[PDB]
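Next up is one chain by itself, shown in structure tokens, the form deposited in one PDB entry.
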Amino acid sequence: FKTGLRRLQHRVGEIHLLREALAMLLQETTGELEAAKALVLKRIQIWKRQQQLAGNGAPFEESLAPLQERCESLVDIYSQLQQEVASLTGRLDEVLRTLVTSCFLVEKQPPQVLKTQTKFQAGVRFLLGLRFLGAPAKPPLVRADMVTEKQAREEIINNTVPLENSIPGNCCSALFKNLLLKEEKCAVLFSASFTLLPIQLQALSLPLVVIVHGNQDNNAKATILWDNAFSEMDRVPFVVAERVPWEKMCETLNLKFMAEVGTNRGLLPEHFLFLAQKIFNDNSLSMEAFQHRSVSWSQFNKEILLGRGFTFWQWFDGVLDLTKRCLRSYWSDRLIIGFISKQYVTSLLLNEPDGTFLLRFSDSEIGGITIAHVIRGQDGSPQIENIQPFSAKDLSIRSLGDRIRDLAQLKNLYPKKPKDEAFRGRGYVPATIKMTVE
């Protein structure tokens, strides 16, 4: 780790010792360096993958400081190998240029669904800038330029910023505070040149989709989500799989729901089952039947669901929106099952006590939550009733919890959680407002 680097340190010292001169097979030390360099570049790729998945709501508690430290350490080994000292010279100098180019990274990625005529930010950071730049020579200027997928295989304003040192900051960065721009993918190339003969630095951003406000971004959001999720580390720019495993998809979705909604309760296997039924148009109640399936892009955002007028992602993002705006605390409190069929509800609820209810998302509309519940009398015969789905607007007028209370028929949330636990003069006759079922 740092242990291997420890080796590299020990060797320089020896060749230093072996320098009197009062054989040079030690410069397999250059190889030992080269190996260490490839190694870092690998870590740098790993961090980018991590950052790409964070675009989708993955946990990214990764600082770039560790990668910097290591990079600086390798340069220190290089300088020593250089000062000590044929052909190896080309070699080390090759180590250096490689490292330097790999050290220029986008650190704050820009909005990946980006609207025109809207203010945006990105930032690029150079890991080795605290070895090669600084005060004597003027800071190199980093440009921002939008590019097509075609160009990246090789309109923005406020696109130039100096790449600057912070000794307090312990970094070299250029941050664009004030950027504005005036299915189809593109990127921002960030560009700077510097001599330490002059080298040109390029960072390519994560892919973007540019939209003009309204209408807007459901499609664009699906695209970013697919690319972020299913991308290959070493891909040719903006190429993704068309089909992916459903298990990978389910994951991607759980992370998404958590991020958007704002909750740490995710989706279960039981949720994935009802999801899978919908995406695949299947009714098996076995998680086994859906565990090793493949998903395509079409199934996800292109083929409209059976008996519906929307896609699967349109539906899913519809529930995200709804949950995020109205339902977030209810979802955290585990008051909503949410993803369950009307059909399976009937099975769960038929044997239950009168007044037992559950909360699901509407299968048939976008952004809907409905009440399903069991009604049974003294004859003992159960009937299930499904109350029409509520929307975001309906939920503004009166909240879900209020509506649940308004109803005397409703007694316990499944399974047996009392509705009251679970949910939070002068001569005038009282009037009240209650939700009412016909």
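For every residue, the number given is its place in the sequence shown, counted from 1. Note that the rigid core is defined as the largest set of C-alphas that superpose within 1.5 Å between two forms.
Going from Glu154 to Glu155, the model skips 10 or more deposited residues, which lack coordinates. The modelled chain breaks after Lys182 and resumes at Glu183, leaving 10 or more residues of the deposited sequence without coordinates. When 345 to 353 is weighed against 132 to 140, 132 to 140 comes out higher, by mean CA B-factor as recorded in the entry. According to the PDB record, 278 to 286 carries the higher mean C-alpha B-factor of the two stretches 356 to 364 and 278 to 286. Across the residues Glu94, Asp321, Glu251, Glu149, the deposited record lists the maximum Cα B factor for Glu94. When the Cα B-factors of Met233, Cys186, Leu327, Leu204 are read from the PDB record, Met233 comes out highest. Remark: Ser166 belongs to the middle third of its chain, ranked by C-alpha B-factor as recorded.
Looking at the C-alpha B-factors along this chain, the one for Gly401 belongs to the lowest third.
Ranked by Cα temperature factor within the chain, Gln52 sits in the lowest third according to the deposited record.
For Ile371, the recorded CA temperature factor ranks within the lowest third of the chain's modelled residues. When all modelled residues of the chain are sorted by CA temperature factor, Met435 is found within the lowest third.
The form deposited in another entry is left out here; the points below concern that form.
When the two forms are superposed on their rigid core between this form and the one not shown, the C-alpha shift of 2 Å or more among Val142, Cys250, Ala222, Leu133 belongs solely to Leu133. In summary, the C-alpha positions of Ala135 and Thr101 converge in that other deposited form, ending up at least 3 angstroms nearer each other than in this conformation. Whereas the displayed form keeps them at a certain spacing, the CA atoms of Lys37 and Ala135 lie at least 3 angstroms closer in that other deposited form.
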